[PDB]
Structure formats: structure tokens, C-alpha cells
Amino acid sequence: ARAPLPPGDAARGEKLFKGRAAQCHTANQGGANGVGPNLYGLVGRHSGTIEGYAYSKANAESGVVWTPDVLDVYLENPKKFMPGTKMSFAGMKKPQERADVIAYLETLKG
């Protein structure tokens, strides 16, 4: 069983997002796929279904829903959570940092 995350701060999460995700992921409504998929409205989505994106077999078949609890374990270590993913991200060790990024992703709605 995992610890719950501390409350996330979306402004800190945006800063972390720009530093750690933005070169592969756009975050704006209608933004383009690139190395990775656009992430607007990611939170709560069924995995492997962003419009236009061609996923690995692992991510296509992964069958999770991206709620914050699932994002927490995934973002800690993507390879461990989803072996076979083509997302080239080692992970974020710090619980507050993961909480902040998740809180930022949560604002990508409207």
C-alpha cells in the first residue's frame, strides 16, 4: 500500500512540467502531439486513447484510468509501472514534486 500524496501546488507543478515534460508533451487545449501525446484533459482519462497518438503496445493495452493515485505510482517510475513503455522518463522520487505535477495536470480542463 502506498502513502497518499501531500497536497499539490499547481504553480509549482507547471514549473516542474516545463522543466521535465514539456519537450515531449504539449499541455494546451488542441495542442499537438509530438514525441509524446498532448496532455490537455489527461486526468481521469482511460490510458492509451489520446486523439491521434500512436502508442507503444504496452501503453495501448495498459487499461488503467489516469486518476491521481495511478499518476502517483506511474510518475515515480514509468518503466516499473508500465514495462515496455516508450516514454523516456526515469521518474520523480519526491512525493511533493509528483503531487505538484499532478495538481498542474488537474488544471488542464475547461
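A residue's number is simply how far along the shown sequence it sits, counting from 1.
Average Cα temperature factor in the PDB entry - higher stretch of 22-30, 79-87: Mean B over CA atoms: larger for 22-30.
Within-chain third of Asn59 by Cα B-factor, per the entry: CA B-factor rank for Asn59: lowest third.
Could you place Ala10 in the lowest, middle or highest third of its chain by Cα temperature factor, using the values in the record? It falls in the top third of the chain.
Would you please rank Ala99 by its C-alpha temperature factor against the other modelled residues of its chain and give the third it falls in: lowest, middle or highest? Lowest third, going by the recorded CA B-factors of the chain.
How does the C-alpha B factor of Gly44 compare with the rest of the chain: lowest, middle or highest third? For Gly44, the deposited C-alpha B-factor lands in the highest third.
C-alpha B factor of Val35, ranked within the chain: lowest, middle or highest third? Tercile = lowest for this residue's CA B-factor.
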